[PDB]
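To begin, one chain is listed below as structure tokens, in the form deposited without its partner chain.
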């Protein structure tokens, strides 16, 4: 079996925002589970992406937050903690403040995104689901 391609460069599926609350995590939480990574790699950001369709004006759909490792993706040039709307920062204890060159971005045409999982007990804002 093969699913439809996800043309985003994030290595993980998005966290869909079903309510009015933006995505945010308490300090030390939010980094997606990746068994092929070390404690040093557990740092990055989520970026809000929005699909837009016409209805007759151009309305938007439920916002989706995609995780990118530190120093990679659409905000590769932003240092950790940099303020920008739609960008929220996450880091597990013990992570290094260095760009994750070795992990990088996903090639959407040949690699499937990993289902975003978070450790049990992770606090999520209202309208978000770990599923």
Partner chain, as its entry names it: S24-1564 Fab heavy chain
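Positions refer to the first chain, counted from 1.
Q: Regarding 25-33 and 46-54, which shows the higher C-alpha temperature factor on average in the entry?
A: In the deposited entry, the stretch with the higher C-alpha B-factor mean is 46-54.
Q: If you average the CA temperature factors as listed in the entry, which stretch comes out higher, 57-65 or 85-93?
A: According to the entry, 57-65 carries the higher average C-alpha B-factor.
Q: Ranking every modelled residue in this chain by its Cα temperature factor as given in the entry, which third contains residue 110?
A: For residue 110, whose C-alpha B-factor we compare with every modelled residue in the chain, the answer is the middle third.
Q: Could you say whether, by C-alpha temperature factor, residue 77 belongs to the lowest, middle or highest third of its chain?
A: Middle third by C-alpha B-factor.
Q: Ordered by C-alpha B-factor within the chain, which third holds residue 104? Give me lowest, middle or highest, please.
A: Its C-alpha B-factor, which the entry lists for residue 104, ranks in the lowest third among residues of this chain.
Q: Would you check the entry's CA temperature factor for residue 10 and let me know if it's in the chain's lowest, middle or highest third?
A: As the PDB entry reports it, the C-alpha B-factor of residue 10 lands in the lowest third of its chain.
Another form, the form deposited with its partner chain bound, is not on view; read the next lines as being about it.
Q: For the stretch 71-103, which residues lie within 4.5 Å of its partner chain in the entry with it bound by non-hydrogen atom distance?
A: Residues within 4.5 Å: 80, 91, 92, 93, 94, 95, 96, 97, 98.
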